[PDB]
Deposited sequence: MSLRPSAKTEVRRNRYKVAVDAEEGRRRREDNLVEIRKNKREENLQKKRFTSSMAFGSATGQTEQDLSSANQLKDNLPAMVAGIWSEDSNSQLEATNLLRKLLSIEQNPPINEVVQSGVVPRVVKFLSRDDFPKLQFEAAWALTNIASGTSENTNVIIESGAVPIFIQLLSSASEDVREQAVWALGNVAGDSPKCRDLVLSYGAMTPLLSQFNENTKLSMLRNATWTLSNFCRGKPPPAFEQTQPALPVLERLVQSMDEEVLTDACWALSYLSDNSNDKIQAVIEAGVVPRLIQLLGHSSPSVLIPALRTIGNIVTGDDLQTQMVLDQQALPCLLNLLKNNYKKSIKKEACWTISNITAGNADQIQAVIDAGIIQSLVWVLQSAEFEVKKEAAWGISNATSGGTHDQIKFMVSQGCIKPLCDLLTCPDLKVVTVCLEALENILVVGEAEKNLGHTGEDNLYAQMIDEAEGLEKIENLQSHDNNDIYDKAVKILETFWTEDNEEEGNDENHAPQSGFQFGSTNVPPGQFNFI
């Protein structure tokens, strides 16, 4: 409005500058760059002797880091990021926490910013920061900044984030919901797309704790923990087995059985489908009833995942007979009229696998029971209608099912 930048005690000015930037609506950031006093403020970061000015300066730049990637990039070009790194070793507790904050804002903005922060080796001082003497405010701030250090896609070089795993393992032991949430998010990022990464996460010994978090009374914690476990099962079988051996399935059942948040149910189904690829384990837990219940009653985003869970099991003989005895056919049949072609093909794949086992056990004088059951559930009509379908791939899949099991 009518500011005088008397920064050239000027702390008084730096405080106003900082407070102006921390305005909620229309923060006047770009006009601070017009005046061009950012390098002067960057010099104040290097004033260990006068930590109030240092604190108000760091805060003022943390605020500029918030928002858009530019004007975020001007803080990078000013050379403030390296200064924030060595501020993590300052004697002032308020400066250290502020330095942690600033680096979180920056790293979180983009993978380019993240990698830049990691290239300067911000990890090492950020970890030498968690201990018994660490307060709640610092504990929360640091775990969150760490969350952003691992966040983003493309992901950061695994081996840069790898030493976080030892610390993360301890952070999940906490009972603070803000710390637990971000820790699980951090872990969920470190398990995405690479069996090598998934293995490292298991070796840290976080799996048993994450199971307990599946029974947590707060979706903030429940979701990222459930996501991490979902990522662990997407890897190979020996990795998937480690979650099974930790009795994760009773916890997953609860999420389907009890009426949790719509999005949590669908994450649980997604996780179950990545197991069915060790199918024996899921059957013993009694998941199929609730999974069939979901496949009929629950809304489409969850049905889609349930369908995947069923089909993948039928891909991986005696087991299928139990699934049919749970009344899974009718559920699968009525989804053949679905608008989504991906789930229609998934259901065809499922019924085909069932019909194969139907023919198999028939040859042991009777008919194919499952083909009869499909016909009994109005399923044969729906399959015959797929011959008039737009998608050629579905016509083809529909025809080959008829020619093999109905002539």
query	finding
Missing segments of the deposited chain sequence, listed N- to C-terminal	1-77, 86-90, 360-363, 403-404, 453-455, 499-531
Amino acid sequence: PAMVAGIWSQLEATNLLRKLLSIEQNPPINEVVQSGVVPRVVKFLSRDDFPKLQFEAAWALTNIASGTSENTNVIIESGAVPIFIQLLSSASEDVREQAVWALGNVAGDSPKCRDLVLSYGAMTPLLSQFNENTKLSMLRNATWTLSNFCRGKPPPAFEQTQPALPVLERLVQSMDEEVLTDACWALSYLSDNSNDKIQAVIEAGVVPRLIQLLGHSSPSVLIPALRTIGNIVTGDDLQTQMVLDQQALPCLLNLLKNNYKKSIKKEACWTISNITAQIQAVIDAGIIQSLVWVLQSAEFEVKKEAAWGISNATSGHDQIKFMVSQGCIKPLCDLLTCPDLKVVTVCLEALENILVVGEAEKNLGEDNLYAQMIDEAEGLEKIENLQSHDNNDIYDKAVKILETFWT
From here on, numbers count along this sequence of modelled residues.
property: Which of 323-331 and 143-151 has higher mean CA B factor, as the PDB entry lists it; result: 323-331
property: Which of 187-195 and 237-245 has higher mean CA B factor, as the PDB entry lists it; result: 237-245
property: Out of 181, 337, 289, 98, highest CA B-factor residue; result: 289
property: Selection by C-alpha B-factor (highest) of 69, 54, 345, 62; result: 69
property: Ranked C-alpha temperature factor of residue 369 among modelled chain residues, by third; result: middle
property: Third of chain Cα B-factors occupied by residue 391; result: lowest
property: Ranked C-alpha temperature factor of residue 257 among modelled chain residues, by third; result: highest
property: Among modelled residues of the same chain, the CA temperature factor third for residue 158; result: middle
property: Position of residue 317 among the chain's modelled residues by C-alpha B-factor, lowest, middle or highest third; result: highest
